[PDB]
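Have a look at the structure below before the remarks.
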Amino acid sequence: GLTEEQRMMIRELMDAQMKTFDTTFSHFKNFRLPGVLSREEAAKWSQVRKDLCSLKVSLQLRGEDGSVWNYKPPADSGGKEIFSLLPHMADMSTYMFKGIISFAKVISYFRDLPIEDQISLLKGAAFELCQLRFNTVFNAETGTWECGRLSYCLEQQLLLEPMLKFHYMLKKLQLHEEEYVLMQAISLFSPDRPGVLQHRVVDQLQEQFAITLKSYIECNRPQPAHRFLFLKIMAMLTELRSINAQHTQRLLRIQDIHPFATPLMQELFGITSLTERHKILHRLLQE
Ligand SMILES: CCOP(=O)(OCC)C(=Cc1cc(C(C)(C)C)c(O)c(C(C)(C)C)c1)P(=O)(OCC)OCC
């Protein structure tokens with residue numbers, strides 16, 4: 001069994017998740033959609049083409065009336081068309097990041113951290129928590145993220161893109177709500193995010209959540225078979241941290257030739273004292 005302390009830790013994370021995770025995406029509205037339409041710079045485009053060609057999805061929008069709009073992205077031709085779903089993606093991700101910021105704020109341990117640590121933790125973990133929330137609505141039989149009335153369907157080769165292989169693998173583990181939120185807490189409270197000051201306090205908080213997840217697993221799962229689930233999960237978090245760095249770099253390359261990030265993404269991801277360079281995040285954190 002878990003200590004009362006560990007049960008309380010889980011309760012608070014579960015509370016936080018239920019209050020901030022719009023699982024049916026019923027409040028995701030007013031987003032943009034794809035419309036009805038040099039030596040060194042080429043090197044930039046060529047990396048960008050690679051950065052994107054692997055992550056293509058068609059988009060489906062189910063209307064309340066039973067109607068269906070389906071969008072199939074264009075093949076990579078000359079150039080620009082490759083960025084067609086980016087403004088919509090920016091909107092979905094920004095929407096997701098806002099729920100991630102609210103999640104963090106409801107957690108006492110996060111709130112007790114100095115504001116500048118809260119900012120640094122949110123910048124380092126944002127993409128990771130968003131992807132962890134996305135895995136819970138990912139349908140691995142169809143290669144589709146089911147987002148309420150919206151759906152994103154991936155257009156042996158997939159398993160080659162680290163983030164796609166990550167969704168498949170994570171999904172296979174058949175985690176409980178509790179395990180997903182403990183994964184989120186562990187990712188959130190990473191002592192080694194750049195610019196974190198209270199390294200020791202964050203490191204200890206992270207070990208607490210990891211121990212709770214470890215005990216949760218010992219106690220809630222048939223022994224022998226789930227003997228290494230915790231470590232499998234820790235390995236997935238290590239790989240996710242690396243995918244985060246990789247994807248942040250792609251984001252910056254695309255932004256360089258085709259600025260498109262929302263103002264909140266610009267703050268989260270280092271796009272153009274710590275509180276002055278992060279006023280949106282700061283305002284979201286203090287309300
Ligand atoms: C670092 C910021 O990353 P980012 O939030 O930026 C959104 C504009 C981002 C988000 C993202 C990534 C994936 C993959 C990787 C699993 C395919 C998704 O499937 C989805 C949806 C919404 C369709 C579920 C969103 P990116 O990894 O994928 C964009 C297609 O962007 C990388 C630049």
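Ligands are numbered from 1 in the order shown, chains are lettered A, B, ... in the order of the structure tokens, and residues start at 1 in each chain.
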With only C-alpha atoms and all ligand atoms counted, collect every polymer residue having an atom within 6 Å of ligand 1; state the result as a tab-separated table (two decimals) with N, CA, C and O atoms, in the first residue's frame.
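And here's selection_30.tsv as it stands now:
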chain	number	residue	atom	x	y	z
A	55	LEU	N	6.31	14.39	-40.06
A	55	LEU	CA	5.20	14.63	-39.12
A	55	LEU	C	3.90	15.08	-39.80
A	55	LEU	O	3.18	15.94	-39.28
A	86	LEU	N	0.59	24.59	-39.98
A	86	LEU	CA	1.32	25.23	-38.89
A	86	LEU	C	0.54	26.23	-38.04
A	86	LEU	O	0.60	26.15	-36.82
A	89	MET	N	-1.79	24.24	-35.98
A	89	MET	CA	-1.01	23.48	-35.01
A	89	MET	C	-0.54	24.38	-33.86
A	89	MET	O	-0.51	23.95	-32.70
A	90	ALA	N	-0.17	25.61	-34.21
A	90	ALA	CA	0.30	26.60	-33.23
A	90	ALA	C	-0.85	26.85	-32.27
A	90	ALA	O	-0.64	26.91	-31.05
A	92	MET	N	-3.61	24.87	-31.67
A	92	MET	CA	-3.86	23.70	-30.84
A	92	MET	C	-2.82	23.55	-29.70
A	92	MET	O	-3.16	23.30	-28.55
A	93	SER	N	-1.55	23.67	-30.05
A	93	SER	CA	-0.48	23.57	-29.07
A	93	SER	C	-0.54	24.70	-28.02
A	93	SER	O	-0.43	24.44	-26.83
A	127	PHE	N	6.35	21.17	-23.90
A	127	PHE	CA	6.15	20.24	-25.02
A	127	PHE	C	5.96	18.80	-24.51
A	127	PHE	O	5.14	18.04	-25.02
A	134	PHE	N	-1.39	14.39	-25.13
A	134	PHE	CA	-1.81	13.90	-26.46
A	134	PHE	C	-1.81	12.36	-26.55
A	134	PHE	O	-2.59	11.78	-27.27
A	145	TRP	N	-4.92	11.06	-33.47
A	145	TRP	CA	-5.15	11.70	-32.20
A	145	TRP	C	-6.58	12.21	-32.29
A	145	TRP	O	-6.93	13.02	-33.16
A	152	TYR	N	-6.53	14.16	-35.95
A	152	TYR	CA	-5.29	14.28	-36.71
A	152	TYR	C	-4.83	12.87	-36.98
A	152	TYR	O	-4.51	12.14	-36.07
A	163	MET	N	9.36	10.85	-32.12
A	163	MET	CA	8.12	11.25	-31.45
A	163	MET	C	6.97	10.32	-31.85
A	163	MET	O	6.09	10.06	-31.03
A	164	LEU	N	6.96	9.80	-33.08
A	164	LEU	CA	5.90	8.85	-33.46
A	164	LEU	C	6.11	7.50	-32.79
A	164	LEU	O	5.20	6.91	-32.22
A	247	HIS	N	12.75	18.72	-31.08
A	247	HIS	CA	11.59	19.39	-31.64
A	247	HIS	C	11.60	20.88	-31.44
A	247	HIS	O	11.11	21.62	-32.25
A	248	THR	N	12.20	21.32	-30.36
A	248	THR	CA	12.37	22.74	-30.10
A	248	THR	C	13.31	23.30	-31.16
A	248	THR	O	13.07	24.37	-31.70
A	250	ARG	N	13.81	22.09	-34.27
A	250	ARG	CA	13.03	22.15	-35.52
A	250	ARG	C	12.16	23.40	-35.50
A	250	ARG	O	12.05	24.07	-36.49
A	251	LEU	N	11.49	23.64	-34.38
A	251	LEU	CA	10.57	24.78	-34.24
A	251	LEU	C	11.31	26.10	-34.55
A	251	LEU	O	10.80	26.95	-35.30
For segment 223-231 of chain A, please output as an MDAnalysis selection string all residues within 9 Å (counting only C-alpha atoms; exclusion window: fewer than 5 positions along the same chain).
chainID A and resid 173 210 213:214 217:218 236
Write the residues of the selection above to a file with N, CA, C and O atoms, as a short mmCIF file (atom, residue, chain, number, x, y, z; two decimals), in the first residue's frame.
data_model
loop_
_atom_site.label_atom_id
_atom_site.label_comp_id
_atom_site.auth_asym_id
_atom_site.auth_seq_id
_atom_site.Cartn_x
_atom_site.Cartn_y
_atom_site.Cartn_z
N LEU A 173 2.01 0.56 -23.33
CA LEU A 173 2.16 0.32 -21.90
C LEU A 173 0.83 0.31 -21.15
O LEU A 173 0.79 -0.04 -19.95
N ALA A 210 8.60 10.32 -8.27
CA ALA A 210 9.13 9.07 -8.85
C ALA A 210 8.93 7.90 -7.90
O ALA A 210 8.43 6.85 -8.30
N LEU A 213 5.22 7.05 -7.90
CA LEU A 213 4.87 6.30 -9.12
C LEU A 213 5.37 4.84 -8.97
O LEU A 213 4.67 3.87 -9.28
N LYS A 214 6.61 4.70 -8.49
CA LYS A 214 7.21 3.38 -8.27
C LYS A 214 6.38 2.53 -7.32
O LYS A 214 6.05 1.38 -7.63
N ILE A 217 2.94 1.56 -8.67
CA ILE A 217 3.07 0.40 -9.56
C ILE A 217 3.23 -0.95 -8.82
O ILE A 217 2.61 -1.95 -9.19
N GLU A 218 4.06 -0.96 -7.78
CA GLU A 218 4.23 -2.15 -6.94
C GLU A 218 2.89 -2.58 -6.36
O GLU A 218 2.54 -3.76 -6.35
N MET A 236 11.37 6.23 -20.91
CA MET A 236 10.52 6.98 -21.83
C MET A 236 10.60 8.49 -21.53
O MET A 236 10.74 9.27 -22.43
#
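Residues in contact with residue 119 of chain A at up to 8 Å, not including ones fewer than 6 positions away on its chain and judged by only C-alpha atoms, are residues 275, 278, 281 and 282 of chain A.
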From a DSSP calculation on the backbone, collect every residue of segment 76-222 of chain A in alpha helix (DSSP H) and output the set as a PyMOL selection string.
chain A and resi 86-106+108-111+115-135+162-172+177-188+199-220
Counting only C-alpha atoms, closest pick from A:200, A:241, A:80, A:232 relative to residue 48 of chain A is A:80
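Distance check against residue 98 of chain A using only C-alpha atoms: of A:206, A:118, A:20, A:136, the minimum falls on A:20.
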Contacts of residue 69 of chain A at 7 Å (only C-alpha atoms; same-chain gap of 6+ positions) as a CSV table (one decimal) with N, CA and C atoms, in the first residue's frame:
chain,number,residue,atom,x,y,z
A,60,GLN,N,-9.4,16.2,-39.6
A,60,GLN,CA,-10.8,16.0,-39.7
A,60,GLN,C,-11.6,16.8,-38.7
A,61,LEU,N,-12.7,17.3,-39.2
A,61,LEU,CA,-13.5,18.2,-38.3
A,61,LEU,C,-15.0,17.7,-38.5
A,62,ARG,N,-15.5,17.1,-37.4
A,62,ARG,CA,-16.8,16.6,-37.4
A,62,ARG,C,-17.8,17.7,-36.9
Who sits within 10 Å of residue 1 of chain A, only C-alpha atoms, same chain under 4 positions skipped, as an NGL selection string
:A and (6-7 or 215-216 or 218-220)
Kindly export the residues of the current selection with N, CA, C and O atoms, as a PDB file, in the first residue's frame.
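Printed below is selection_8.pdb as written:
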ATOM      1  N   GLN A   6       1.671   9.794  -0.100  1.00  0.00           N
ATOM      2  CA  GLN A   6       1.642   9.446  -1.513  1.00  0.00           C
ATOM      3  C   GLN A   6       0.238   9.426  -2.123  1.00  0.00           C
ATOM      4  O   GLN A   6       0.054   9.762  -3.289  1.00  0.00           O
ATOM      5  N   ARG A   7      -0.752   9.058  -1.320  1.00  0.00           N
ATOM      6  CA  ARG A   7      -2.136   9.081  -1.756  1.00  0.00           C
ATOM      7  C   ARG A   7      -2.588  10.537  -1.946  1.00  0.00           C
ATOM      8  O   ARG A   7      -3.270  10.868  -2.909  1.00  0.00           O
ATOM      9  N   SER A 215       6.012   3.098  -6.173  1.00  0.00           N
ATOM     10  CA  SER A 215       5.122   2.402  -5.204  1.00  0.00           C
ATOM     11  C   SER A 215       3.714   2.172  -5.750  1.00  0.00           C
ATOM     12  O   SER A 215       3.112   1.132  -5.514  1.00  0.00           O
ATOM     13  N   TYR A 216       3.176   3.161  -6.465  1.00  0.00           N
ATOM     14  CA  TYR A 216       1.857   3.011  -7.083  1.00  0.00           C
ATOM     15  C   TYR A 216       1.847   1.750  -7.938  1.00  0.00           C
ATOM     16  O   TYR A 216       0.882   0.969  -7.944  1.00  0.00           O
ATOM     17  N   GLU A 218       4.055  -0.965  -7.775  1.00  0.00           N
ATOM     18  CA  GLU A 218       4.229  -2.151  -6.941  1.00  0.00           C
ATOM     19  C   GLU A 218       2.887  -2.578  -6.358  1.00  0.00           C
ATOM     20  O   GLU A 218       2.545  -3.761  -6.352  1.00  0.00           O
ATOM     21  N   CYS A 219       2.130  -1.590  -5.880  1.00  0.00           N
ATOM     22  CA  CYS A 219       0.850  -1.819  -5.219  1.00  0.00           C
ATOM     23  C   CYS A 219      -0.356  -2.081  -6.097  1.00  0.00           C
ATOM     24  O   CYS A 219      -1.287  -2.757  -5.677  1.00  0.00           O
ATOM     25  N   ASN A 220      -0.371  -1.501  -7.291  1.00  0.00           N
ATOM     26  CA  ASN A 220      -1.545  -1.597  -8.153  1.00  0.00           C
ATOM     27  C   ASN A 220      -1.461  -2.520  -9.328  1.00  0.00           C
ATOM     28  O   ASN A 220      -2.409  -2.652 -10.082  1.00  0.00           O
TER      29      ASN A 220
END
